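Asker: First the structure, which I've put down as structure tokens, then a few questions once you've had a look.
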Amino acid sequence: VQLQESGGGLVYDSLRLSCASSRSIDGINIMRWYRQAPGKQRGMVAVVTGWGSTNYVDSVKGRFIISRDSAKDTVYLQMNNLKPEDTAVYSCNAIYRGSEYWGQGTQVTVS
Amino acid sequence: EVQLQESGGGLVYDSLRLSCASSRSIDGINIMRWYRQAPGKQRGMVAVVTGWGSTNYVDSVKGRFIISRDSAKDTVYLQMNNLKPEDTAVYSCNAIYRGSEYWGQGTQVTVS
Amino acid sequence: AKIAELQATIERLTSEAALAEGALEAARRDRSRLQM
Amino acid sequence: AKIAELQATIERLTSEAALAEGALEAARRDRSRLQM
């Protein structure tokens with residue numbers, strides 16, 4: 001399948017994240033957010049599924065939050081008044097139809 | 001609370017099995033596994049298995065730890081062979097009924 | 001109900017890791033912050 | 001069909017968790033080694 005990755009930005013937030021699929025829309029399997037400080041191993045950030053369950057990676061409670069419409073599968077995720085050290089490549093990453101899939105990933109300063 | 005008792009281990013230097021039958025939901029197969037915890041550290045898992053035949057394992061125990069089952073009398077299988085002298089490890093099933101997770105007496109099975 | 005409790009699996013599952021690697025990621029971050 | 005999708009994603013996620021859990025088993029014992 002094909003996806004879309006964008007919406008990150010470069011700050012020191014007041015920005016929006018928009019994560020869609022080109023297809024397989026809203027057949028909402030388990031689908032996840034990622035980040036990675038460079039030269040290291042990429043990992044878990046945030047995940048939402050058939051229920052949009054309210055859980056992410058511990059470092060979020062009050063800072064990273066989901067929000068979805070099936071508009072073009074352009075699920076979102078809330079990234080406000082951030083915490084700096086996350087400054088790294090972010091990437092939503094979804095697993096659909098019995099197989100995993102990966103987005104682009106964008107270099108992002110947060111601080 | 002559902003008494004998911006497991007037992008039948010041994011303590012020596014290999015289908016040794018915390019005989020992992022049921023008193024509730026006789027193979028009410030929703031979600032179940034085994035865990036482990038190496039001393040002085042946190043807990044973990046040797047192998048996580050699924051009522052749907054997909055019974056995979058912790059990445060290391062490959063080649064020696066395989067899980068199967070016998071639901072016809074509710075008897076899931078912890079089958080091993082050729083004890084690797086490291087194999088001092090904690091062995092116990094784990095299960096998740098109604099979403100609520102479940103545990104037993106468990107055992108740090110003393111085996112080489 | 002075949003759905004209801006089969007569907008009841010994932011949410012604890014997806015909650016497991018989300019809590020799980022947190023410290024595991026925090027500790028290895030805390031591995032990195034003070035060791036190398 | 002619905003049951004099919006739920007089932008498949010279950011098996012994938014247990015694959016994922018097992019690999020991740022072995023990895024951090026290795027990482028935590030490494031942390032303990034550098035402790036000792």
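To be explicit about the labels: the chains of the structure tokens are called A, B, and onward in the order shown, and within each one the residues are counted from 1, while ligands get numbers from 1 in the order they are shown.
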What are the residues of chain B that have an atom within 9 Å of an atom of chain C, counting only C-alpha atoms, as JSON, numbers by chain?
Answerer: {"B": [30, 31, 96, 97, 98, 99, 100, 101]}
Asker: With N, CA and C atoms retained, write the just-selected residues as a PDB file, in the first residue's frame.
Answerer:
```pdb
ATOM      1  N   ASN B  30      -8.694 -16.730  24.438  1.00  0.00           N
ATOM      2  CA  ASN B  30      -8.777 -15.276  24.135  1.00  0.00           C
ATOM      3  C   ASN B  30      -7.357 -14.722  23.975  1.00  0.00           C
ATOM      4  N   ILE B  31      -6.522 -14.896  25.004  1.00  0.00           N
ATOM      5  CA  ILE B  31      -5.106 -14.412  24.986  1.00  0.00           C
ATOM      6  C   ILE B  31      -4.353 -15.075  26.144  1.00  0.00           C
ATOM      7  N   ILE B  96      -4.867 -13.660  29.844  1.00  0.00           N
ATOM      8  CA  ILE B  96      -5.594 -12.401  29.853  1.00  0.00           C
ATOM      9  C   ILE B  96      -7.046 -12.737  29.538  1.00  0.00           C
ATOM     10  N   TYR B  97      -7.893 -12.772  30.562  1.00  0.00           N
ATOM     11  CA  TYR B  97      -9.307 -13.084  30.408  1.00  0.00           C
ATOM     12  C   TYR B  97     -10.115 -11.833  30.684  1.00  0.00           C
ATOM     13  N   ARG B  98     -11.149 -11.621  29.874  1.00  0.00           N
ATOM     14  CA  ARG B  98     -11.952 -10.414  29.972  1.00  0.00           C
ATOM     15  C   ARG B  98     -11.045  -9.199  29.939  1.00  0.00           C
ATOM     16  N   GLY B  99      -9.856  -9.357  29.376  1.00  0.00           N
ATOM     17  CA  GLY B  99      -8.885  -8.289  29.381  1.00  0.00           C
ATOM     18  C   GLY B  99      -8.022  -8.310  30.621  1.00  0.00           C
ATOM     19  N   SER B 100      -8.594  -8.739  31.737  1.00  0.00           N
ATOM     20  CA  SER B 100      -7.835  -8.804  32.974  1.00  0.00           C
ATOM     21  C   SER B 100      -6.777  -9.890  32.875  1.00  0.00           C
ATOM     22  N   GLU B 101      -5.545  -9.538  33.213  1.00  0.00           N
ATOM     23  CA  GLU B 101      -4.441 -10.479  33.141  1.00  0.00           C
ATOM     24  C   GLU B 101      -4.458 -11.403  34.359  1.00  0.00           C
TER      25      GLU B 101
END
```
Asker: Apply DSSP to the backbone of this structure and, from chain A, keep only the residues in helix (DSSP H, G or I); write these as a PyMOL selection string.
Answerer: chain A and resi 58-60+84-86
Asker: Can I get the selected residues back with N, CA, C and O atoms, as a short mmCIF file (atom, residue, chain, number, x, y, z; two decimals), in the first residue's frame?
Answerer:
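Saved result, result.cif, follows:
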```cif
data_model
loop_
_atom_site.label_atom_id
_atom_site.label_comp_id
_atom_site.auth_asym_id
_atom_site.auth_seq_id
_atom_site.Cartn_x
_atom_site.Cartn_y
_atom_site.Cartn_z
N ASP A 58 5.02 6.42 27.21
CA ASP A 58 4.85 7.06 28.51
C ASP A 58 5.17 8.55 28.53
O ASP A 58 4.53 9.33 29.24
N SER A 59 6.13 8.94 27.71
CA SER A 59 6.70 10.28 27.72
C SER A 59 5.71 11.29 27.16
O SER A 59 6.11 12.40 26.78
N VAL A 60 4.43 10.93 27.09
CA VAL A 60 3.45 11.75 26.39
C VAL A 60 2.39 12.34 27.28
O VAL A 60 1.78 13.34 26.88
N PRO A 84 11.87 19.44 24.51
CA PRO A 84 12.87 19.64 23.45
C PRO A 84 13.50 18.36 22.96
O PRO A 84 13.60 18.11 21.75
N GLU A 85 13.88 17.52 23.91
CA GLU A 85 14.81 16.44 23.62
C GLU A 85 14.30 15.54 22.51
O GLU A 85 15.09 14.90 21.83
N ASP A 86 12.99 15.52 22.30
CA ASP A 86 12.41 14.82 21.17
C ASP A 86 12.98 15.29 19.84
O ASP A 86 12.70 14.66 18.82
#
```
Asker: As an exercise, work out the distance from CA of residue 50 (chain B) to CA of residue 33 (chain B) in Å and give it to one decimal place.
Answerer: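 Value for the CA of residue 50 (chain B)-CA of residue 33 (chain B) distance: 7.1 Å.
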Asker: Listing only residues of chain C within 8 Å of chain A, what is the closest atom pair and its distance in Å (to one decimal) for each, using only C-alpha atoms, sorted by chain and residue number ascending, as a Markdown table?
Answerer:
```
| residue | atom | partner | partner_atom | distance |
| --- | --- | --- | --- | --- |
| C:11 | CA | A:53 | CA | 6.7 |
| C:14 | CA | A:47 | CA | 7.6 |
| C:15 | CA | A:55 | CA | 6.3 |
| C:18 | CA | A:57 | CA | 4.7 |
| C:19 | CA | A:58 | CA | 5.9 |
| C:21 | CA | A:57 | CA | 7.8 |
| C:22 | CA | A:58 | CA | 5.3 |
```
Asker: Create the file for the chosen residues now, containing C-alpha atoms and written as a PDB file, in the first residue's frame.
Answerer:
```pdb
ATOM      1  CA  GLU C  11      -6.367  -2.698  23.884  1.00  0.00           C
ATOM      2  CA  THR C  14      -1.381  -2.087  22.779  1.00  0.00           C
ATOM      3  CA  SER C  15      -1.303  -0.773  26.323  1.00  0.00           C
ATOM      4  CA  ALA C  18       3.176   1.554  25.413  1.00  0.00           C
ATOM      5  CA  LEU C  19       3.868   1.277  29.115  1.00  0.00           C
ATOM      6  CA  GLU C  21       9.319   0.096  26.555  1.00  0.00           C
ATOM      7  CA  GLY C  22       8.726   3.467  28.221  1.00  0.00           C
TER       8      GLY C  22
END
```
Asker: Using only C-alpha atoms, which protein or nucleic acid residues come within 8 Å of residue 81 (chain A)? Drop anything in the same chain fewer than 2 positions from it, and give the result as number ranges by chain.
Answerer: A: 13-14, 63, 79, 83
Asker: I want to know what sits within 8 Å of region 81-89 of chain B, based on only C-alpha atoms, with residues of the same chain fewer than 5 positions away left out; could you give that as an mmCIF file with C-alpha atoms, in the first residue's frame?
Answerer:
```cif
data_model
loop_
_atom_site.group_PDB
_atom_site.id
_atom_site.type_symbol
_atom_site.label_atom_id
_atom_site.label_comp_id
_atom_site.auth_asym_id
_atom_site.auth_seq_id
_atom_site.Cartn_x
_atom_site.Cartn_y
_atom_site.Cartn_z
ATOM 1 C CA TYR B 13 20.596 -29.767 35.977
ATOM 2 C CA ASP B 14 12.700 -31.567 28.161
ATOM 3 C CA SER B 15 8.939 -31.052 28.020
ATOM 4 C CA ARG B 36 10.126 -15.297 32.913
ATOM 5 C CA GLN B 37 12.297 -13.041 35.048
ATOM 6 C CA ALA B 38 16.064 -13.269 35.467
ATOM 7 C CA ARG B 64 15.260 -25.019 22.144
ATOM 8 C CA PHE B 65 11.945 -23.581 23.326
ATOM 9 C CA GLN B 108 12.037 -20.117 38.712
ATOM 10 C CA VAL B 109 12.652 -23.612 37.337
ATOM 11 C CA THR B 110 16.163 -24.498 38.491
ATOM 12 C CA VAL B 111 17.657 -26.146 35.412
ATOM 13 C CA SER B 112 21.156 -25.737 33.989
#
```
Asker: Do a neighbour search on residue 40 (chain B) at 12 Å with only C-alpha atoms, toss out local chain neighbours closer than 2 positions, and write the hits as a PDB file with C-alpha atoms, in the first residue's frame.
Answerer:
```
ATOM      1  CA  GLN B  37      12.297 -13.041  35.048  1.00  0.00           C
ATOM      2  CA  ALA B  38      16.064 -13.269  35.467  1.00  0.00           C
ATOM      3  CA  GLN B  42      12.537  -7.173  36.102  1.00  0.00           C
ATOM      4  CA  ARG B  43      10.187  -9.728  34.572  1.00  0.00           C
TER       5      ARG B  43
ATOM      6  CA  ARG D  28      18.903  -4.658  30.555  1.00  0.00           C
ATOM      7  CA  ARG D  29      21.391  -7.446  31.180  1.00  0.00           C
ATOM      8  CA  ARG D  31      23.070  -2.416  31.766  1.00  0.00           C
ATOM      9  CA  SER D  32      23.515  -4.781  34.715  1.00  0.00           C
ATOM     10  CA  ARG D  33      26.889  -5.920  33.357  1.00  0.00           C
ATOM     11  CA  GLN D  35      26.780  -1.976  36.617  1.00  0.00           C
TER      12      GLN D  35
END
```
Asker: Skipping near chain neighbours, those fewer than 2 positions away, what residues fall within 6 Å of residue 76 (chain A) using only C-alpha atoms, listed as JSON, numbers by chain?
Answerer: {"A": [17, 18, 19, 67, 68]}
Asker: Mind writing the picked residues with N, CA and C atoms as a tab-separated table (two decimals), in the first residue's frame?
Answerer:
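Result written to result-v7.tsv:
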```tsv
chain	number	residue	atom	x	y	z
A	17	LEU	N	0.08	18.16	12.42
A	17	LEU	CA	0.53	16.91	11.83
A	17	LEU	C	-0.65	16.25	11.13
A	18	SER	N	-0.41	15.73	9.92
A	18	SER	CA	-1.47	15.14	9.10
A	18	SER	C	-0.93	13.87	8.46
A	19	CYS	N	-1.45	12.72	8.87
A	19	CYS	CA	-0.88	11.44	8.45
A	19	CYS	C	-1.98	10.62	7.80
A	67	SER	N	-5.76	12.39	17.21
A	67	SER	CA	-7.04	12.91	16.75
A	67	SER	C	-7.23	12.54	15.29
A	68	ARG	N	-8.30	11.81	14.98
A	68	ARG	CA	-8.44	11.22	13.66
A	68	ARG	C	-9.78	11.53	13.00
```
Asker: If you fit chain C onto chain D using every C-alpha atom, paired in order, what RMSD in Å do you get?
Answerer: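 1.2 Å is the C-alpha RMSD between the two chains.
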Asker: Quick check for you: according to DSSP on this backbone, which residues of chain B are classed as strand (DSSP E or B)? Reply as a ChimeraX atom specification.
Answerer: /B:20,32-35,48-49,65-70,75-80,89-97,100-102,107-109
Asker: Go ahead and dump the residues you just picked, N, CA and C atoms, as a compact mmCIF listing (two decimals), in the first residue's frame.
Answerer:
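Below is the file that was written, again.txt:
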```
# COMPACT_ATOMS: atom_id res chain seq x y z
N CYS B 20 -0.54 -26.60 32.39
CA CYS B 20 -1.13 -25.28 32.22
C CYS B 20 -2.56 -25.49 31.72
N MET B 32 -3.21 -15.70 25.85
CA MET B 32 -2.41 -16.38 26.91
C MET B 32 -0.93 -16.43 26.48
N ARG B 33 -0.04 -16.64 27.45
CA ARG B 33 1.40 -16.72 27.21
C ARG B 33 2.10 -17.33 28.42
N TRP B 34 3.44 -17.23 28.44
CA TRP B 34 4.27 -17.57 29.58
C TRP B 34 5.17 -16.38 29.87
N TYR B 35 5.58 -16.21 31.12
CA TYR B 35 6.61 -15.22 31.43
C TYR B 35 7.81 -15.82 32.15
N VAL B 48 5.66 -16.04 23.97
CA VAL B 48 4.30 -15.53 23.95
C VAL B 48 3.57 -16.28 22.85
N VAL B 49 2.41 -16.81 23.19
CA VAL B 49 1.69 -17.68 22.29
C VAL B 49 0.27 -17.18 22.16
N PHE B 65 13.24 -23.79 22.70
CA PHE B 65 11.95 -23.58 23.33
C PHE B 65 10.86 -23.49 22.27
N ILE B 66 9.95 -24.45 22.30
CA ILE B 66 8.81 -24.52 21.39
C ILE B 66 7.58 -24.69 22.25
N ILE B 67 6.50 -24.03 21.88
CA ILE B 67 5.24 -24.17 22.58
C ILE B 67 4.22 -24.83 21.66
N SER B 68 3.48 -25.79 22.20
CA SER B 68 2.30 -26.33 21.53
C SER B 68 1.19 -26.46 22.56
N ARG B 69 0.12 -27.13 22.18
CA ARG B 69 -1.07 -27.16 23.02
C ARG B 69 -1.86 -28.44 22.81
N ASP B 70 -2.70 -28.76 23.80
CA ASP B 70 -3.70 -29.81 23.66
C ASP B 70 -4.97 -29.30 24.34
N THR B 75 -4.62 -28.48 27.50
CA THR B 75 -3.25 -28.80 27.92
C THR B 75 -2.24 -28.16 26.96
N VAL B 76 -1.85 -26.92 27.25
CA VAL B 76 -0.88 -26.24 26.39
C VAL B 76 0.51 -26.69 26.79
N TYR B 77 1.43 -26.72 25.83
CA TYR B 77 2.69 -27.44 25.98
C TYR B 77 3.89 -26.50 26.03
N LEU B 78 4.69 -26.62 27.10
CA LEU B 78 6.00 -25.99 27.25
C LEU B 78 7.06 -27.04 26.97
N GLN B 79 7.42 -27.22 25.71
CA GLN B 79 8.33 -28.30 25.38
C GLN B 79 9.71 -27.78 25.02
N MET B 80 10.72 -28.34 25.68
CA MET B 80 12.11 -27.96 25.51
C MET B 80 12.92 -29.21 25.19
N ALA B 89 15.97 -20.38 34.53
CA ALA B 89 15.02 -19.35 34.11
C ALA B 89 13.69 -19.57 34.80
N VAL B 90 12.88 -18.51 34.88
CA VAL B 90 11.58 -18.57 35.53
C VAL B 90 10.58 -19.02 34.49
N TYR B 91 9.77 -20.01 34.83
CA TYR B 91 8.75 -20.47 33.91
C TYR B 91 7.38 -20.45 34.56
N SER B 92 6.43 -19.81 33.86
CA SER B 92 5.05 -19.69 34.30
C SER B 92 4.17 -19.24 33.15
N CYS B 93 2.99 -19.83 33.01
CA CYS B 93 2.07 -19.29 32.03
C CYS B 93 1.65 -17.88 32.41
N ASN B 94 1.00 -17.21 31.47
CA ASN B 94 0.29 -15.97 31.71
C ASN B 94 -0.92 -15.94 30.79
N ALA B 95 -1.97 -15.27 31.25
CA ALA B 95 -3.21 -15.27 30.49
C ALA B 95 -3.92 -13.95 30.73
N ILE B 96 -4.87 -13.66 29.84
CA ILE B 96 -5.59 -12.40 29.85
C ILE B 96 -7.05 -12.74 29.54
N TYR B 97 -7.89 -12.77 30.56
CA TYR B 97 -9.31 -13.08 30.41
C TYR B 97 -10.12 -11.83 30.68
N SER B 100 -8.59 -8.74 31.74
CA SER B 100 -7.83 -8.80 32.97
C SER B 100 -6.78 -9.89 32.87
N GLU B 101 -5.54 -9.54 33.21
CA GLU B 101 -4.44 -10.48 33.14
C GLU B 101 -4.46 -11.40 34.36
N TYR B 102 -3.85 -12.58 34.21
CA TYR B 102 -3.92 -13.60 35.24
C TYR B 102 -2.56 -14.26 35.43
N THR B 107 7.20 -20.43 38.59
CA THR B 107 8.42 -21.00 39.12
C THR B 107 9.64 -20.56 38.34
N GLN B 108 10.65 -20.19 39.13
CA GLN B 108 12.04 -20.12 38.71
C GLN B 108 12.55 -21.55 38.63
N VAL B 109 12.27 -22.22 37.52
CA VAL B 109 12.65 -23.61 37.34
C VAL B 109 14.17 -23.71 37.32
```
Asker: Skipping near chain neighbours, those fewer than 2 positions away, what residues fall within 8 Å of residue 90 (chain A) using only C-alpha atoms, listed as number ranges by chain?
Answerer: A: 8, 33-36, 88, 92, 105-108
Asker: Measuring atom to atom with only C-alpha atoms, identify which of A:66, A:10, A:15, A:1 is nearest to residue 100 (chain A).
Answerer: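 Under the stated criterion, the closest residue is A:1.
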